[PDB]
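For reference, the structure is listed below as structure tokens.
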Amino acid sequence: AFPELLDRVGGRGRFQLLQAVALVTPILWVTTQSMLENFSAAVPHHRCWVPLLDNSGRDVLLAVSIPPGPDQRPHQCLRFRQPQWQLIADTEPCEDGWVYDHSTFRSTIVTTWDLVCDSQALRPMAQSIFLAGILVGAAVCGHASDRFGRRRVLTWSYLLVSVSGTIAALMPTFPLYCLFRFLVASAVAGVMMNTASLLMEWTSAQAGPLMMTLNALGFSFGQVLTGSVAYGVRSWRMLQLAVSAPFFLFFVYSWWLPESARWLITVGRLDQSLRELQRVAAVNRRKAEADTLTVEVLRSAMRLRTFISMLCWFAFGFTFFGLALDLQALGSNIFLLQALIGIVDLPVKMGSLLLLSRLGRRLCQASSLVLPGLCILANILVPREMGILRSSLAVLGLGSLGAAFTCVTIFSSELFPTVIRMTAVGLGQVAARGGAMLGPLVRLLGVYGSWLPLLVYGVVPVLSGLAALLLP
Ligand SMILES: O=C1C(CCS(=O)c2ccccc2)C(=O)N(c2ccccc2)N1c1ccccc1
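In short: position in the sequence shown from 1, add 530, done, that's the working numbering.
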């Protein structure tokens, strides 16, 4: 009988907007902390240190010192034992360290800890660890908001994000950095889930719309915030601190947001629920029907389609999170990318939804997965000669794939006895977080041809979309 009480106290109004703003604003920095492993763990051009150069015709010295590499470049992992002056066989690996190109980035973790050459596999493992941390933190938090509340967990998760992010920027050794990024990921997942649930609960029956949409926009924009912040600060120690600093103020000001009143009723804290509802009514200025609340009212108040949905969620998560953390391979001028994936995301998603809803729900679901997979696959076919076409296809593909989590959540998830969709969205999204940890691990196939990762990332979504047509 809670919706009757909610209609009695308010609905829409003023408080539901202020709370919405204050709970959606964290989402931008939550995205910023998640896409940060693209300007922090960036790989600049590296050479082998040689005594003849870099102190104790520069082009001639570079030619004699290092053997040439295959890709029209000097070798990045080998060095001549002695200066081969015969150039107007016997090679040894780098042992005095490397030298890097300090022209776009001042200091990355790759530069700091030498995650190049033989120890190349370490880099595509930090992102996998981070995503596994998100999955684990989201799994634990579910049975954590039923014994501690729903607003306290949000504030404590804010504090954990801030402290762990600040501490992770001062570590001198790689495993400590990985562990603290794991903790950051878990706390971020907790923040995500608790914010979503809090936005759902306090809103009236029209929460399915706006509210849930207002979340996504958060990400989209956030993307651009990540891009701008990255363009701002170049060093990697001063990027993590600058990103994790706001969360302390977020935790400080999150001490006044009212806690969800529906949860308080089921546990037995009637007085707190009364105070909460009265203060919400006072904020909403609907202090006319509140006198009816005299405790007693609240005292009396107290299979194939599923598999298709799981496959679609898995394909979307796997492709997006195994391809959008390596944007240095999709083009150039990285700061312009990762800042064009929201400005393309919004118009494309709205236009595609509006245009394809009328044709049919299954048609829209199918067309949202074949198109971006084919777009990504077509990136290989084009050569390097046209860079604009080389980069626009990837942006269009990512923007179109971003519409999947919107189309398959609000328009889909009704493919069931139609009792409540909250038991289906989470079930589908579990495979989305469980398919991203199996993501960047594909990029470990750089050896044995470089086209295989892109080929897999292009064939998986198209196969999932083609299988989606087999509903009957
Ligand atoms: O927007 C989200 C959240 C939603 C959880 S949520 O709102 C909730 C609702 C109801 C009950 C409990 C919790 C999320 O976890 N991912 C995600 C994380 C890791 C891997 C894959 C997906 N994305 C997402 C979607 C598209 C593009 C990027 C990110």
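C-beta: ideal position from N, C-alpha, C; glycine also.
**Asked** How big is the Cα-Cα spacing for residue 563 and residue 717?
**Response** Mapped onto the sequence shown, residue 563 falls at position 33. Mapped onto the sequence shown, residue 717 falls at position 187. Roughly 11 Å between the two C-alpha positions.
Exercise. For the alpha helix (DSSP H) that residue 607 lies in, which residues bound it at each end?
Worked result: As a working mapping, residue 607 is identified with position 77 in the sequence shown. The continuous stretches of alpha helix (DSSP H) do not include residue 607, and DSSP gives it neither H nor E.
Can you check whether the CB of residue 795 is closer than 8 Å to the CB of residue 1001?
Position 471 of the sequence shown, counted from the first residue, corresponds to residue 1001. Position 265 of the sequence shown, counted from the first residue, corresponds to residue 795. With a cutoff of 8 Å on beta-carbon distance, residue 1001 and residue 795 are scored as not near each other.
*Where DSSP assigns a beta bridge to residue 598, which residues make up the other side?*
Translated into the one-based positions of the sequence shown, residue 598 becomes position 68. Paired residue(s): 604.
message = With distance defined between alpha-carbon atoms, name the residue in 813, 572, 591 and 566 nearest to residue 578.
response = Taking the sequence shown and counting its residues from 1, one reaches residue 578 at position 48. Taking only the C-alpha atoms, the option nearest residue 578 is 591.
* Asked: Around the Cβ of residue 576, are there at least 16 other Cβ atoms within 10 angstroms (buried) or fewer (exposed)?
  -> Locating residue 576 in the sequence shown gives position 46, counting from the first residue. Around the beta carbon of residue 576, 16 or more other beta carbons sit within 10 angstroms, so the residue counts as buried.
query: Is the Cβ-Cβ distance between residue 987 and residue 853 less than 8 Å?
result: Taking the sequence shown and counting its residues from 1, the one referred to as residue 987 is at position 457. Taking the sequence shown and counting its residues from 1, the one referred to as residue 853 is at position 323. Yes, they are a contact pair.
Inset, instruction - Could you tell me the boundaries of the beta strand (DSSP E) in which residue 628 lies? - result: Position 98 of the sequence shown, counted from the first residue, corresponds to residue 628. Counted as a single uninterrupted DSSP element, the beta strand (DSSP E) harbouring residue 628 occupies residues 628–630.
- Throw me the rounded Cβ distance for the residue 671 and residue 724 pair, which I believe falls under 8 Å. Translated into positions along the sequence shown, residue 671 becomes position 141. Translated into positions along the sequence shown, residue 724 becomes position 194. Their Cβ separation, rounded to whole angstroms, is 7 Å, which keeps residue 671 and residue 724 in contact under 8 Å.
**Asked** Which class does residue 824 belong to by DSSP, given the choice of helix, strand or coil?
**Response** Position 294 of the sequence shown, counted from the first residue, corresponds to residue 824. Residue state, collapsed to three classes: coil.
Helix, strand or coil for residue 638, going by three-state DSSP, please let me know.
-> Numbered from 1 along the sequence shown, position 108 holds the residue referred to as residue 638. Residue state, collapsed to three classes: coil.
Inter-residue Cα distance where the pair is residue 729 and residue 547: For this step, residue 729 is matched to residue 199 along the sequence shown. For this step, residue 547 is matched to residue 17 along the sequence shown. C-alpha of residue 729 to C-alpha of residue 547: approximately 10 Å in a straight line.
Notebook entry, point to check: Between the C-alpha atoms of residue 501 and residue 614, what's the straight-line distance to the nearest angstrom?
Noted result: Not covered by the structure: residue 501. The range shown for the chain is 531 to 1002.
Confirm the yes/no value for this check: CB of residue 1083, any heavy atom of ligand 1, distance under 7 Å.
Residue 1083 cannot be examined here, being either before or after the span of the chain that is shown, 531 to 1002.
For residue 817, count the other beta carbons within 10 Å of its own beta carbon; 16 or more makes it buried, fewer makes it exposed. Which is it?
Along the sequence shown, one-based indexing puts residue 817 at 287. Note on residue 817: under 16 other CB atoms within 10 angstroms of its CB, so exposed under the neighbour-count rule.
Inside the segment 748–790 only - alpha helix (DSSP H) runs reaching at least 4 residues: If we require 4 residues or more, the alpha helix (DSSP H) runs fully inside the segment 748–790 come out as 767–774 and 776–783.
Q: Take residue 625 as the anchor and find which of 638, 618 and 609 has the nearest alpha-carbon.
A: Sequence index remark: in the sequence shown, residue 625 carries index 95 (1-based). For residue 625, the nearest C-alpha among the options comes from 609.
field: Nearest residue (CA-CA) to residue 623, options 630, 639 and 605
entry: Position 93 of the sequence shown holds residue 623. When C-alpha distances from residue 623 are compared across 630, 639 and 605, the shortest belongs to 605.
Query - Segments assigned alpha helix (DSSP H), at least 4 residues, entirely inside the segment 843–924 - result: Within the segment 843–924, complete alpha helix (DSSP H) segments of at least 4 residues are found at 875–887 and 891–911, given in chain order.
Helix, strand or coil: how does DSSP classify residue 647 here? As a first step, residue 647 is located in the sequence shown; it is residue number 117 there, counting from the start. Reduced to three states, the DSSP call for residue 647 is helix.
Check: residue 800 and residue 825 look like a contact to me (Cβ under 8 Å); what is the Cβ gap, rounded to whole Å?
Finding: Counting from one through the sequence shown, the residue named residue 800 turns up at place 270. Counting from one through the sequence shown, the residue named residue 825 turns up at place 295. Going by Cβ atoms, the distance from residue 800 to residue 825 rounds to 6 Å, so yes, they are a contact pair.
Residue 708 in three-state terms, based on DSSP:
In the sequence shown, counting from the first residue as 1, residue 708 sits at position 178. DSSP places residue 708 within a helical segment (H, G or I) once states are collapsed to three.
Nonlocal neighbours in the same chain, by C-beta distance under 8 Å from residue 583, ignoring five residues either side: As a working mapping, residue 583 is identified with position 53 in the sequence shown. Same-chain partners within the cutoff: 591, 592 and 595.
### Nearest neighbour of residue 832, chosen from 996, 798 and 842 [CA to CA]
Working through the sequence shown from its first residue, we reach residue 832 at position 302. Ranking 996, 798 and 842 by Cα distance to residue 832 puts 798 first.
Requested in this report: State buried or exposed for residue 707, treating a residue as buried only when at least 16 other CB atoms are found within 10 Å of its CB.
Outcome: In the sequence shown, residue 707 corresponds to position 177, counting from 1. That one is buried.
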